[PDB]
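# Report on the structure
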Amino acid sequence: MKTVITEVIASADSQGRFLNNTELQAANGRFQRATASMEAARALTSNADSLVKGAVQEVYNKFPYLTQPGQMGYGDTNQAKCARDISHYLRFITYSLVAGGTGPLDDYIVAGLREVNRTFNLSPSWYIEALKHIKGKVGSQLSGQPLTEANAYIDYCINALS
Amino acid sequence: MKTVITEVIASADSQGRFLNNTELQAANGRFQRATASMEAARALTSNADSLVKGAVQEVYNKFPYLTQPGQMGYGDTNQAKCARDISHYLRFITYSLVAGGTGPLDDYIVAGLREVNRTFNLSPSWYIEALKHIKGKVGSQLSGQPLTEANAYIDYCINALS
Amino acid sequence: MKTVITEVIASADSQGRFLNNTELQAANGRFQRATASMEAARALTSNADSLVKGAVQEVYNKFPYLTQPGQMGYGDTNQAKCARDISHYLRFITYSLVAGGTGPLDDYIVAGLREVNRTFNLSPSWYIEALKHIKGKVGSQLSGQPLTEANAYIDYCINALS
Amino acid sequence: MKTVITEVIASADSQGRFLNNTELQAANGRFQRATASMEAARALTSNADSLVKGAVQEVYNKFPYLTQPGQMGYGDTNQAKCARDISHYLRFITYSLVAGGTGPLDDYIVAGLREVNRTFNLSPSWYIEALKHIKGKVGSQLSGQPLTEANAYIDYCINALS
Amino acid sequence: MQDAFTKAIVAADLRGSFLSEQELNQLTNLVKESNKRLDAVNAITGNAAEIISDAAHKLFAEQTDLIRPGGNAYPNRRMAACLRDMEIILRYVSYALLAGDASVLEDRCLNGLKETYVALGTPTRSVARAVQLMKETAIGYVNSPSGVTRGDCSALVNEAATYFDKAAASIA
Amino acid sequence: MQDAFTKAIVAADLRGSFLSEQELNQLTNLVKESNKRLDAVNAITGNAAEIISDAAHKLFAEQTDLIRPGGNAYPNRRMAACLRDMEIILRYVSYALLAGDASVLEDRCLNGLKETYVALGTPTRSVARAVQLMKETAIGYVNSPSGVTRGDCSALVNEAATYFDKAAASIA
Amino acid sequence: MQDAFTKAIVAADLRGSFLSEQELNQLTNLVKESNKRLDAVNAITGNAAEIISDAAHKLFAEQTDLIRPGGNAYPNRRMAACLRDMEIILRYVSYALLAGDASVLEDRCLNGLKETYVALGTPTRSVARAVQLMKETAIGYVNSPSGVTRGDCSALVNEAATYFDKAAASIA
Amino acid sequence: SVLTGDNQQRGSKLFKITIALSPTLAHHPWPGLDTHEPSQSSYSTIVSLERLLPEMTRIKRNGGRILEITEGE
Amino acid sequence: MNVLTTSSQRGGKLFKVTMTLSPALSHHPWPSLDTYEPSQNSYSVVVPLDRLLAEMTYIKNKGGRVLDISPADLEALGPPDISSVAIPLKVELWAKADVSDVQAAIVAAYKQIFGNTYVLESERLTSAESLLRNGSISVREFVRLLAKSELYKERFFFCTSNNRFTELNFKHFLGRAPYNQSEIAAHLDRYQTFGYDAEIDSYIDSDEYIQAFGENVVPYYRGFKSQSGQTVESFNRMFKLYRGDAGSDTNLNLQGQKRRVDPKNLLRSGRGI
Ligand SMILES: *[C@H](C)[C@H]1/C(=C/c2[nH]c(/C=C3N=C(/C=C4\NC(=O)C(CC)=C4C)C(C)=C\3CCC(=O)O)c(CCC(=O)O)c2C)NC(=O)[C@@H]1C
Ligand SMILES: *[C@H](C)[C@H]1/C(=C/c2[nH]c(/C=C3N=C(/C=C4\NC(=O)C(CC)=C4C)C(C)=C\3CCC(=O)O)c(CCC(=O)O)c2C)NC(=O)[C@@H]1C
Ligand SMILES: *[C@H](C)[C@H]1/C(=C/c2[nH]c(/C=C3N=C(/C=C4\NC(=O)C(CC)=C4C)C(C)=C\3CCC(=O)O)c(CCC(=O)O)c2C)NC(=O)[C@@H]1C
Ligand SMILES: *[C@H](C)[C@H]1/C(=C/c2[nH]c(/C=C3N=C(/C=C4\NC(=O)C(CC)=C4C)C(C)=C\3CCC(=O)O)c(CCC(=O)O)c2C)NC(=O)[C@@H]1C
Ligand SMILES: *[C@H](C)[C@H]1/C(=C/c2[nH]c(/C=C3N=C(/C=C4\NC(=O)C(CC)=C4C)C(C)=C\3CCC(=O)O)c(CCC(=O)O)c2C)NC(=O)[C@@H]1C
Ligand SMILES: *[C@H](C)[C@H]1/C(=C/c2[nH]c(/C=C3N=C(/C=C4\NC(=O)C(CC)=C4C)C(C)=C\3CCC(=O)O)c(CCC(=O)O)c2C)NC(=O)[C@@H]1C
Ligand SMILES: *[C@H](C)[C@H]1/C(=C/c2[nH]c(/C=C3N=C(/C=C4\NC(=O)C(CC)=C4C)C(C)=C\3CCC(=O)O)c(CCC(=O)O)c2C)NC(=O)[C@@H]1C
Ligand SMILES: *[C@H](C)[C@H]1/C(=C/c2[nH]c(/C=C3N=C(/C=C4\NC(=O)C(CC)=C4C)C(C)=C\3CCC(=O)O)c(CCC(=O)O)c2C)NC(=O)[C@@H]1C
Ligand SMILES: *[C@H](C)[C@H]1/C(=C/c2[nH]c(/C=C3N=C(/C=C4\NC(=O)C(CC)=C4C)C(C)=C\3CCC(=O)O)c(CCC(=O)O)c2C)NC(=O)[C@@H]1C
Ligand SMILES: *[C@H](C)[C@H]1/C(=C/c2[nH]c(/C=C3N=C(/C=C4\NC(=O)C(CC)=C4C)C(C)=C\3CCC(=O)O)c(CCC(=O)O)c2C)NC(=O)[C@@H]1C
Ligand SMILES: *[C@H](C)[C@H]1/C(=C/c2[nH]c(/C=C3N=C(/C=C4\NC(=O)C(CC)=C4C)C(C)=C\3CCC(=O)O)c(CCC(=O)O)c2C)NC(=O)[C@@H]1C
Ligand SMILES: *[C@H](C)[C@H]1/C(=C/c2[nH]c(/C=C3N=C(/C=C4\NC(=O)C(CC)=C4C)C(C)=C\3CCC(=O)O)c(CCC(=O)O)c2C)NC(=O)[C@@H]1C
C-alpha cells in the first residue's frame, strides 16, 4: 500500500541503504500535513450518510431514465447497491486521508475498476456525478487546507474513473 | 542527484503516473525544513576558514607522527592539500543542506571514495577526526533544528568514510 | 494482419521450416469457405446504407434521451459521426469476410477500442445495439453458411465491444 | 578454487567437450613447475616462525607509535593477533605454491579483504611491510626458480592489499 | 537528474566556491513560493484527464483529416497512440513544474521525440498544435481554482507556459 | 507493505466500517510523537557504522572460536558476510521503527532467515547474540543524544527493543 | 498437446502396430460429426462474454457474502480476478471441445488449480458452483441456435457437459 | 529453493512454486540436445501473486508441470 | 560516407559536415523551378578546419541546416570488431557453485546488463549478490533485480527516451537488437498502463529469453549471428547499437542518451501498426 512512509522505506530499501536525512524530511512532511487530513476525515465520517443520500439522489436527477422500469436504476435492489457503492468510495477516501497516501484508494477501488465496470455495465459517468455532488457539499463543511486535502482525494477518483 | 524533489519525480516517473497527493506531501516536508537547513548553511559558510584551520590542526595533534619528515603530513604541499580537501568536504555539506538531500555529497564525495583513498593511501581516520572536531565546534554556533540538520549531514560522511 | 494464410506462414516461419502438408490443409480450408464468405460480403456491401440507417435509428429508439439537447445524440454533427462510425464497423466486417480472418477487424477497430471509447465517452452499449439490429436484418437477406459467416464476424465485435 | 588443473577442467566442462590436447599442454606446464614450487614451500614452512617474528617486529620499527598505549599495536592481545594474522598469510602462501594457483589465496585472504580491514581499522600498509620484510628474508634462503615462485605469490598479496 | 536547487549548486561547484549570499536569496525566495508552486501542480494533476480530453476534441475539430481514413489519427489503434502521447507530454511538463526546471522534461520527454514523428509520418506540426491546445486549457485550471487563498500566481503561470513551449518547439 | 496507519485502516475495512473515533485518537496521538519517533531513527542511522563495529568487537571477544580456523566467521570471506548480515538486520529494524510496525521487518527480513542460517551451518545462537549486542549499543545512542530537546523517549525505546527481540527470537 | 486423433495414434504406437480397423472407425465417425462439433464451438465463442456475464450475476445473487467486505470477491481487484478466472476455464473448455479431448483442459488449466485456490483462501465450493452456472448457460446456446441445419447434437452436448464437470470436480 | 528472505523487492503476498523441469525451461548451454540439470529436476521458486499468473502460464506451455504450490511464508 | 584522407596536403584536420541540401545550395541546370537532386537530400562534405567556418555559415544563410559535424578521424574508422560478440562466450551458474564461479557470473552479469558502463563499489548490490550463492535466486531472477534497481533506471531509463530505453533494454536482456516498429510500439503501451516493472518483466518472461539462456545462464549477445525470425536489417542495427569494446551506454557523456537506431530504419524492416 502506497503511503509516504512506505515509499521512502521502499526507495531506501531498493538502493540497499539506511534511511538518511533525505527520506526523513519527506516523512516529516506527511506528519505535518496529517493534522489537516485527520480533520477532514472526521468531517466526512460524521456527515457520511447525508452525503450519500444526496449523491445517489443527484444521479437520478441527472439521469432520469435510470429510474424507469427495465433500467439499472430501477427496483430497490439496484438502489441499495447504488447506495452501498458510493458509501464505499467515501469510506476509502476517509481511509486515504488518514493513511496519508492514495494507497487505500488504489488497491480497493482503482485496480480492476475498468473491467468490473465493463462486465456489469456500470457507467463511470454515474459514479462521477455522485462524487461531484459530494465535492460540492464538502465544499461547505470544510475550509482551508482540510478542504484542499478532501478535494485532492475525491478528484483522484474522478480521474481514475474517467 | 538525490534530493527529495528529484526522488518523488523519479518514483512517479517509473510507475508512469502523475504526481499525486502522496508525493506533494513529501515535497512539502522538504520545503518546510529548508528554513532551518538554510540557516545552518549560512552559519557554516561564514565560519568556514576557522573551522578548517582548527580541523587540520587537530588531525596533527591526534597523529603527531604525520608532521615528521618522510610522512604524509610533512612538507607544505601536503598541508595545503590537506586544507583544500577539508574545505571541499565542508563546501559540499553546505550544498547538501541547501539542496535538501544527500545528493551533492553522494556524487562528489562518496562515490569512488574508497578507491581514491586506497590508491593515494589517504587514511579515512584522518578525515574523520577533521569532521568530528568540526562537529564539536558547530555544536556551539548552532542550536535546535539548524544544529540537528548540520549534524545529520556531517555524520552521513563519517559513516561513508568509515 | 491475422488471416488463415498469414498465420500458417508465420507458424511455419517461426519453426524455420518449409510449408508442409499440415499448413496447406489449413489453407485449403480457408479457400473452400471463401465461396460462402464472398457471397455474404456481396450481400452486405449492396444493402450497406439501408443497414446503417436502420441501425443508427434503432439506437435512438433504444436510448431516446440521446436525441435531447445537451446530450451526445443531439445535433447533426454527432448524428453524422454516429452514422460514419457504424458504416466503418460494417465496412470492416465485409473486409474480414473476404480476407478470411478477423485480422482486418482486429487492427482497425478492436485495437485501442476501449481507450478511445473511454476518452470520448462513447458508450459501448450503443454500438452493440447497432450491431444487433444489423444482425437481425442480415438474418433475412442471407441463409445457410453465408449467413453463419456473417454472424460470426458481427458477433466477434459484440464480444470485443463488451 | 582456482588452480591450473581445476580451470582447464572447468573450461572443458563448460563447452561440454572432452579434454583435448590444448588443455593437457597447459596441465603439463603445471606439475613441471611444481618441482620448483614444492621446494619453495618446504623452505618457507621450515623457517615459518622466524619469518613471522621478524616481520611483526619490523612493523613496529616502521610504525613506532603503534606500540604506544591507546594504540592498536599496544597490549599483548593485539600483538598476539598481529602474529596470528601474519602466520595466516604465510600459511596460505605455502598452500598456493603447492596447489599451483592463486586459488587458496583468493578464497581465504583476498575475498572480503577490504571490508574486514575497514570495519576493524586494520591499515593495509602494516600487512604490506610484514610481507616485504618477509620477501627480503626469503630472498636469501631461496634462489633461481624456487625463489621466483615464492616472490610471485608474496607479491600477489601485496597488490591485493594495496 | 536536476532541479532548481541542484542546478544552482552545480554552477557554484565549478567556480569551486561556497554559495554567494545573493544566490542563497534566490533559493530562499523560491522556497517562499513553494505553496503557490504546489497548488499549481495539484491543479494540473487533478484535472489531467479533462485537460487532454478537451484539447483532443479541439485538435480534431480543427484538423478534420487526422480522423479521416488515411489520416494519422485513424484508425482506432493510431488514435489511441495520439492520446497516449499527449498525456505523456503533459505528465512530464507537470514534473518540470514541480522541479522548477526544464531539464527532466527535456531529457526524458523531448529529446529525440521530433525525429520519431517524422519517420513514422506523424506530422510534427499537428503534435505541436496539440501541445499548445493543452497548454491553454491547463493554465485555465491553474489560474482559476476554488478554495485556494487568493493571490498572484502569474510568475508560476508563465514558467508553466515556457515548459509547454519548449515542448511545442522541440517537437515541431 | 504495511505500517501503523495502513494497518488500522485494514482492520477497519474488514469490519466494513468507517474508522471509530476511539481509533482515530490512537493515530492522532501517534502523530504527536512523530518528532520523538524521528529523532530516534535519526540517532540509529547516524551511528550505524559504529553500532555494528562495536557489537562485532564484543561478539568476537566472547566467541573466540568463530574467528579461529574451522569456525564460522573464518576466513575473511565469511567474516565479511557476517558483518554485512548484522548491518542488514539493523537497517530493517530501523525501517520498522519509523513505520511504527513490525511487519516490514518480519516480511522482508526475518522470514526465512533462520532456515538459511541453518542450511549454511551458521550457529543461530550466536547470530541472535549479535543482534542483542547491537540492541544495547543502539539504545545507548537513541537514549543519550546531543542537541535534542530533553523529554521522555521510553515509549519509543521499548518499541525499539521489541523489534530487536522479534529479530533475535525468529533467527534463534 | 493432445487430441482425439493423436491420442489414438499414441496408444497404437506402444502396441507397436498399425491402427486397428475398429479404431479407424472411431475416427471415421468423429470426422462425420465435425460440422456439428464446429458449430458447437462456434456457439460458445460467439456468446462467450454473455455466458460469463450471466453466470456471474447469478453467482453473486446466490452467495451475497462473496461481494461483502471480508468476502473473497471483494474488493474490486479481487472481483476482477474472479471474473477473469471464470472466463479462462471457459476458454479451455472450448479448446477441449474442439480437440475432442479433455487433456489440454486438464494439463494447462485444471492442474494445481485446487491447491492455489486453497492457499489463497478462495472457497473452492463457490468456484465449482460458478463453473456449473456457466455450464448450463453455455449448453443453452449450443443447443438452441438459429440458422443452423436442424439435427441432433446430444452426443456433443454431453461431451461438453463432461468437460465442464471435470473442471468442477478438480477445482472442488 | 528455500527463501532466505523475501526474494522480491516489490511487495505482495509471496507463494513458493515447485515445478517438474522440462529441458526447455532450463536448457544447458551445451552442444547437442539440451539437458536440464540432474541435481534439480524440480526447481522451486518464490513468486509474488502478480507474477504468479504469468509464471504459471509459462510453466504450463513448457513441458514441465506444477508439482505443488505453497505460500512462501 | 567514407572519407579517404584524414588530413589536407597542407596540415589541417578535415571535418565531415552533413547538411540538408536546399534548392539554392545546389540546383539542376534545367528550365523550371530549381530542384536539388533527390538522392542528395542529406549532402556530406569534408572540409579543412580553416574553411569550416565559412562553409557552415553559407549553408545556414541559405535554407540549409546542419545535421551534424564530425571529425574525419573518428569517421573513416573500421566498423567495430565483432570478434568478442561473434561467439559471446556464455556463463553457466551450476548448482553447488563454489565461491569463484559465483563471482564470475556476477561480474559477467554486470557487464552485459549495464553495458561496458562501470559500476562502483557503492553502486554494487550486496543484497542481490547475497541471495545468489546460498541459492534462492536464479541468475534469471538476479537479472530482473538489476533491471528493477535504481542504478539501471538512472542510467538507461530516467535520462533517455522510452523509445531509446526499449532498444537499450533489448540489447542488455537479449543480445538481439529490436526488429520492426511494432516491438517498439508494444513496449511503449505496456509501460503506460502497467508501468516500469511490468515492462522489465516482459523481456525476462518472454520465451526468446527462455529459449536462449533461459535459466541460470548469464545473457550473451545473440545478435551479430543469425537468429530465427530476425530481419536482416536487425543485424545492421546491431552494429549501430554496439560500438566496439570499450564503448558503453552512458548517460554521462554530452547529450548522453540518444537513439542509435533511427526511427526510419526500424520502419524499413516492417510497417503496419
Ligand atoms: C449507482 C451510481 C448506480 C447503481 C450501482 C450498481 N452497482 C451494481 C453492481 C456492482 N457495483 C459494484 C461496485 C463495487 N463493488 C465493490 O466491491 C467495489 C469496490 C469497493 C465497487 C466500486 C460491483 C462490484 C458490482 C457487481 C456485483 C455486486 O454489486 O456485487 C449494480 C447491479 C448491476 C448488476 O448487473 O447486478 C448497480 C445497479 N445502482 C443504481 O441505481 C445506479 C444507476
Ligand atoms: C589531510 C587529512 C591529509 C592530507 C591530504 C592529502 N590529500 C592528498 C591527495 C588527494 N586528496 C584528495 C581528496 C579529494 N580530491 C577530490 O577530488 C575530492 C572530492 C572533492 C577529495 C575528497 C585527492 C583526490 C587526492 C589525490 C590527487 C590530488 O593530488 O589531488 C595528498 C597528497 C598525496 C599524494 O600522493 O597525492 C595529501 C597529503 N595532507 C596531510 O598532510 C594530511 C595527512
Ligand atoms: C453512435 C452510436 C453515437 C455517436 C457517435 C459519435 N462518435 C464520435 C466520435 C468518434 N467515434 C469514433 C469511432 C470510430 N472512428 C474511427 O475511426 C473508428 C475506427 C475505424 C471508430 C470505431 C471515433 C474514433 C471518434 C473520436 C474522433 C471524432 O471526433 O470523431 C462522436 C463525437 C464525440 C465528441 O465528443 O465530439 C459521436 C457523437 N453519435 C450519436 O449520435 C450516437 C450516440
Ligand atoms: C599486525 C600488523 C597488526 C595487528 C593485527 C590485528 N588484527 C586484528 C583483527 C583482525 N585481523 C584479522 C585478520 C585476519 N583474520 C583472518 O581470519 C584473516 C584471513 C585468513 C585475516 C587476514 C581479522 C579478521 C580481524 C578481526 C578480528 C580478529 O582478530 O579476528 C586486530 C584487533 C583489532 C580490533 O580491535 O578488532 C589486530 C590488532 N596487531 C598489531 O599489533 C598490528 C598493528
Ligand atoms: C497525437 C497528439 C498526435 C499523434 C501521435 C502519435 N504517435 C504515434 C506513435 C508513437 N509515438 C511515439 C512517441 C513517444 N515515445 C516516447 O517515448 C514518448 C515520450 C518521450 C513519446 C511521446 C512512439 C515511440 C510511437 C510509436 C510506437 C507506438 O505507436 O506506441 C502514433 C501512431 C502512428 C504509427 O504509425 O505508429 C500517433 C498517431 N499523431 C497524430 O495524428 C496526432 C496529431
Ligand atoms: C496559484 C496558481 C493559486 C493560488 C495559490 C496559493 N496558495 C497559497 C497557499 C497555500 N496553498 C497550499 C497548498 C499546498 N501546500 C502543501 O504543502 C500542499 C501539498 C499537500 C499543497 C497543495 C498551502 C498549504 C498554502 C498555505 C495556506 C493556504 O492555503 O493559503 C496562497 C497564499 C500565498 C502564499 O502561499 O504565498 C496562494 C496565493 N492562489 C491563486 O491566486 C491561485 C488560485
Ligand atoms: C554474523 C553475526 C554471523 C554470521 C553471518 C554469516 N552469514 C553468512 C551468509 C549469509 N547470511 C545471509 C543473510 C541474509 N540473507 C537474507 O535474505 C538476509 C535478510 C534479508 C540476510 C541478512 C545470507 C543470504 C547468507 C548466504 C550468502 C552470503 O553471501 O551471505 C555467512 C557465510 C556462510 C558461509 O558458509 O558462506 C556468515 C558467516 N556467521 C557468523 O560467523 C556469525 C555468528
Ligand atoms: C528521544 C529518543 C530523545 C528526544 C527526542 C525529542 N525530540 C523532540 C522534538 C523534535 N525532534 C525533531 C526531529 C526531527 N523532526 C524532523 O522533521 C526530523 C527529520 C528532518 C527530525 C530529525 C523535531 C523537528 C522536533 C520538534 C522540535 C524539537 O527538536 O524539539 C522532543 C521534544 C518533544 C516533541 O515530541 O516534540 C524530544 C523529547 N529527546 C530526548 O531527551 C530523548 C533522548
Ligand atoms: C471466481 C469465480 C472465484 C474466485 C476466483 C479468484 N481467483 C483469484 C486468484 C487467482 N485465481 C487463479 C486462477 C488461475 N490461475 C491460472 O493460472 C489459471 C488458468 C491457468 C487459473 C484458473 C490464480 C492463479 C490466482 C492468483 C493469482 C492471480 O490472480 O493471477 C482470486 C483472488 C485471490 C486473491 O486473494 O488475490 C479470486 C477471487 N474466487 C472467488 O471468490 C470466486 C468464487
Ligand atoms: C448442434 C449443436 C446444432 C446444429 C448443428 C448442425 N450443424 C450442421 C451442419 C453444418 N454446420 C456447419 C458449420 C460450420 N462448418 C465450418 O466449416 C464452420 C467454420 C467456418 C462452421 C461454423 C456446416 C458447414 C455444416 C454443413 C452444412 C449446413 O450447415 O447446412 C448440422 C447438419 C448435420 C451435419 O452434420 O452436417 C447440424 C445438425 N443444429 C442444431 O439445430 C443443433 C442444436
Ligand atoms: C505533387 C504531385 C505532390 C507534391 C510534390 C511536391 N514536391 C515538392 C518538393 C520537391 N519535390 C522534389 C522532387 C524532385 N526533385 C528532383 O530532382 C526529382 C527528379 C530528379 C524529383 C521528382 C524535390 C527534390 C523537392 C524539394 C526541393 C525542390 O523544390 O526541388 C513540393 C514542395 C515541398 C516544399 O515544401 O518545398 C511539393 C508540393 N506534393 C504535393 O502536395 C503533391 C501530392
Ligand atoms: C584518466 C587517464 C583520464 C580520464 C578518464 C575517464 N574515463 C571516464 C569514463 C569512461 N572511460 C571508459 C573507459 C574504458 N571503457 C572500457 O571498457 C575501456 C577498455 C575496456 C576503457 C579504458 C569508459 C567505459 C567510460 C564511461 C563509463 C563511466 O564514465 O562510468 C571518465 C568519466 C567521465 C565522466 O564524465 O563521468 C573519465 C574521467 N579522464 C581524465 O580526466 C583523465 C585524462
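Conventions we followed
Residues numbered from 1 in each chain as written, not as in the entry; some residues may be left out. Chains lettered and ligands numbered in written order. Part of a larger assembly, values for the part shown. Heavy atoms only, no water. UniProt positions renumbered as here; feature names shortened; annotations may be inferred. Helix = DSSP H or I, 4+ residues; strand = E, 2+ residues; numbered from the N terminus. Buried < 20%, exposed > 50% of the residue type's maximum accessible area, 1.4 Å probe, protein only. Polar contact = N/O pair within 3.5 Å; in protein donor to acceptor, adjacent residues only side chain to side chain. Contact = heavy atoms within 4.5 Å. Buried area = accessible area lost by both parts, 1.4 Å probe. Salt bridge = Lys/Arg side-chain N within 4 Å of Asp/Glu carboxyl O. Nonpolar A, V, L, I, M, F, W, Y, C, P; charged D, E, K, R; others polar. Axes fitted to C-alpha atoms, helices over the stretch in contact; angles between N-to-C directions. Parallel < 35°, antiparallel > 145°, perpendicular 65-115°, else oblique. Left-handed = near helix turned anticlockwise from the far one by under 90°. Near = heavy atom within 4 Å. Areas by Shrake-Rupley, 256 points an atom, 1.4 Å probe, with all protein chains shown as cover. Pairing = 2+ DSSP bridges.

Naming follows the PDB entry, where chain I appears as Phycocyanin-associated rod linker protein of Gloeobacter violaceus PCC 7421. Per the PDB record, the entry is named "Phycobilisome rod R2 from Gloeobacter violaceus PCC 7421".

Chain E appears in the PDB entry as Phycocyanin beta chain from Gloeobacter violaceus PCC 7421. The Subcellular location (unreviewed entry) comment attached to chain E in UniProt states, word for word, "Cellular thylakoid membrane".

With that out of the way, let us pick up the side chain of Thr250 of chain I. Residues and elements named next belong to chain I. Looking at the secondary structure, you find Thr250 in the loop between α11 (232-241) and α12 (263-269). Here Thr250 falls in the buried class, since its relative accessible area comes to 14%. Among the polar contacts listed, one links the side chain of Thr250 to the side chain of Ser248, at a separation of 2.7 Å. Filtering out sequence-adjacent residues up to four positions away, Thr250 remains in contact with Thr117, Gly256 and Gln257.

Between chain B and chain I, the residue contacts involve 10 residues of the former and nine residues of the latter. Where chain B abuts chain I, roughly 740 Å² becomes buried across the two surfaces, and 50% of that area is made up of carbon and sulfur atoms. The largest contributions to the chain B side of the interface with chain I come from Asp13, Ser14 and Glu115 of chain B, which together make up 47% of the buried area. Scanning the region where chain B abuts chain I turns up one salt bridge. The shortest N-O distance in the salt bridge between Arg118 of chain B and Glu121 of chain I comes to 3.6 Å. Counting across the interface, chain B meets chain I through two residue pairs in polar contact. Mapped by element, the contributors of at least two residues to the side of chain B that touches chain I are α1 (4-15) and α5 (113-120) of chain B. Among the elements that make up the side of chain B that touches chain I, the one with the highest residue count is α1 of chain B (four residues). Looking at the side of chain B that touches chain I residue by residue, the classes come out as two nonpolar, four polar and four charged.

Right, let's get into the packing of helix α5 (residues 113-120) of chain A against helix α3 (residues 76-99) of chain G. Their axes nearest at 8 Å, the elements α5 of chain A and α3 of chain G cross at an angle of 60°. It follows that α5 of chain A is oblique to α3 of chain G by the angle criterion. For the pair α5 of chain A and α3 of chain G, the sense of crossing is left-handed. Contacts between α5 of chain A and α3 of chain G pair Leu113, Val116, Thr119 and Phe120 of chain A from the former with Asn76, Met79, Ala80 and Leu83 of chain G from the latter. When its residues are assigned to classes, the contact of α5 of chain A with α3 of chain G shows six nonpolar, two polar and no charged.

For ligand 5, the set of nearby residues contains 25 residues, the closest of which are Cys82, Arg84 and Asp85 of chain E together with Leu188 and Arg271 of chain I. At the site occupied by ligand 5, nearby residues are drawn from chains E and I. For ligand 5, a nitrogen atom lies 3.1 Å from a polar atom in the side chain of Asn72 of chain E. One of the backbone nitrogen or oxygen atoms of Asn163 of chain I is found 3.5 Å away from an oxygen atom of ligand 5. In isolation ligand 5 offers 870 Å² of accessible surface; the protein chains occlude 99% of this area.

Moving on to the site of ligand 4. In the vicinity of ligand 4, 22 residues are found, and the nearest of them are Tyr60, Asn78, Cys82, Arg84 and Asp85 of chain D. Residues close to ligand 4 are split across chains D and F. Separating a nitrogen atom of ligand 4 from a backbone N or O atom of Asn78 of chain D is a distance of 3.2 Å. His57 of chain F places a side-chain nitrogen or oxygen 3.5 Å from an oxygen atom of ligand 4. Alone, ligand 4 offers 850 Å² of accessible surface; in the complex the protein occludes 94% of this. Counting only elements with at least two residues in the shell around ligand 4, the list comes to α4 (76-99), α6 (113-120) and α7 (124-141) of chain D. No other element matches the eight residues that α4 of chain D contributes to the shell around ligand 4. Of the residues in the shell around ligand 4, the class split is 14 nonpolar, five polar and three charged.

All names here are of chain E. UniProt feature "binding site: (2R,3E)-phycocyanobilin 1" (unreviewed entry): in the numbering of this structure it lies at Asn35, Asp39, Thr149, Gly151 and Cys153. The annotated residues occupy 119 residues of the chain but converge on a single region, no pair of C-alpha atoms lying more than 11.9 Å apart. Owing to a relative accessible area of 46%, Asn35 belongs among the partly exposed residues under this scheme. Here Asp39 is to be found in helix α2 (residues 21-62). Note on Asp39: relative accessible area 29%, which makes it partly exposed.

On to the sheet that holds strand β1 (residues 15-20) of chain I, then. Sheets are built from strands paired through backbone hydrogen bonds, the pairs being either parallel or antiparallel. Residues and elements named next belong to chain I. Sheet architecture is open: three strands sit in the order β2-β1-β3, paired in antiparallel fashion. The open sheet has two free edges, formed respectively by β2 (42-47) and β3 (65-71), since each of these has just one partner strand. Across this sheet, the average inter-strand angle for adjacent strands is 20°, counted without regard to direction. The pairing of β1 with β2 spans six bridges and is antiparallel. Of the residues in β2, the one forming a bridge with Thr18 is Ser44.

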